[PDB]
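Beneath this line is the structure, given in structure tokens, with notes to follow.
2 protein chains.
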Amino acid sequence: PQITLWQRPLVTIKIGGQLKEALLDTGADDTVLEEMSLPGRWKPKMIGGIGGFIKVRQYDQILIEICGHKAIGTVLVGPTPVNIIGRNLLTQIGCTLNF
Amino acid sequence: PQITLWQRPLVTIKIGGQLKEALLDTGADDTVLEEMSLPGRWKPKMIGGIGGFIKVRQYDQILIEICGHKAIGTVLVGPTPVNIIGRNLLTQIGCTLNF
Ligand SMILES: Nc1ccc(S(=O)(=O)N(Cc2ccccc2)[C@H]2CNC[C@@H]2N(Cc2ccccc2)S(=O)(=O)c2ccc(N)cc2)cc1
Ligand SMILES: [Cl-]
Ligand SMILES: [Cl-]
Ligand SMILES: [Cl-]
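Residue numbers (our numbering), protein chains in the order written: chain A, 9 to 107; chain B, 9 to 107.
Below, the structure is given as structure tokens:
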């Protein structure tokens, strides 16, 4: 698709068999989802937002579909304001900025 | 331009006679820059994300140049750890997400 930015670029994702809404965020280096259950072991990770750094859970090599496009990569889980697809998976689906 | 997301989409902007580096951020509703002076009236606002919220000053109808493209819009100024170009200005330069 070509997605304009007059509104938030919210899209449907699928992870763990579940559909969710997430924001395509080119400012986010890393994908971060709201609290949920994922398989395997996790590792600690700090991410920095506008108000400082917080600790989230890092799960690697997670299958996730984004607007119908398949990805497998790192998914962080924590108290994000909204589900966010960050540059690590936007690159995988071949997303670019254009003007 | 077509901008890759392998790295942070950092561009040069010109605002208030100043050259600055800023992130093209599709997750940001608003443009938010580190502390600087801008002309005209302003009013306070709070913006937030992971880490919490910060207080900023809101200036309207500010002229900014982004990668050579001129635009007009609201700029927020405050203690952000990164200069952010948000959707309110990305729309004006014709910026889209594409995959
Ligand atoms: N990996 C990663 C890093 C940071 C974050 S975040 O700070 O939560 N976050 C997501 C978000 C917050 C609020 C609403 C919608 C999206 C950031 C990332 N893009 C937009 C948002 N921001 C830009 C940013 C902040 C820190 C580092 C790099 C960029 S922001 O400053 O919080 C912001 C929030 C609200 C408005 N109006 C304008 C700007 C999330 C994941
Ligand atoms: Cl990854
Ligand atoms: Cl505006
Ligand atoms: Cl348009």
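All residues carry an ideal CB built from backbone N, CA and C; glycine is no exception.
Around the beta carbon of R95/A, 16 or more other beta carbons lie within 10 angstroms, which makes this residue buried. For the stretch 37 to 82 of chain B, the full-length beta strand (DSSP E) segments reaching 3 residues or more read 50 to 57 and 60 to 74 along the chain. Closer than 8 Å to the CB of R95/B there is at least one CB belonging to chain A. Secondary structure note for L13/B: it is in no alpha helix (DSSP H), with a DSSP letter that is neither H nor E. Less than 8 Å divides the Cβ of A30/A from the Cβ of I93/A. Taken through DSSP and simplified to helix, strand or coil, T104/A comes out as strand.
Taking CB atoms only, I72/B has no neighbour in chain A less than 8 Å away.
Close to chain A, meaning a Cβ-Cβ distance shorter than 8 Å, are the following residues of the stretch 56 to 85 of chain B: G56, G57, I58, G59, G60, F61, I62, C75 and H77. Neighbours of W14/A in chain B, taken as residues at a C-beta separation under 8 Å, are given in chain order as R95 and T99.
Counted as a single uninterrupted DSSP element, the beta strand (DSSP E) harbouring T20/A occupies residues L18 to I23. Chain order gives the chain B residues near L31/A as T34 and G35, where near means a beta carbon separation below 9 Å.
Taking a 10 Å sphere around the C-beta of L41/A, we find 16 or more other C-beta atoms and assign the residue as buried. For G81/A and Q66/A, the gap between their C-alpha atoms comes out near 10 Å. If you draw a 10 Å sphere on the C-beta of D68/B, you find fewer than 16 other C-beta atoms in it, and that means exposed. Here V85/B is bridged, per DSSP, to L41/B and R65/B.
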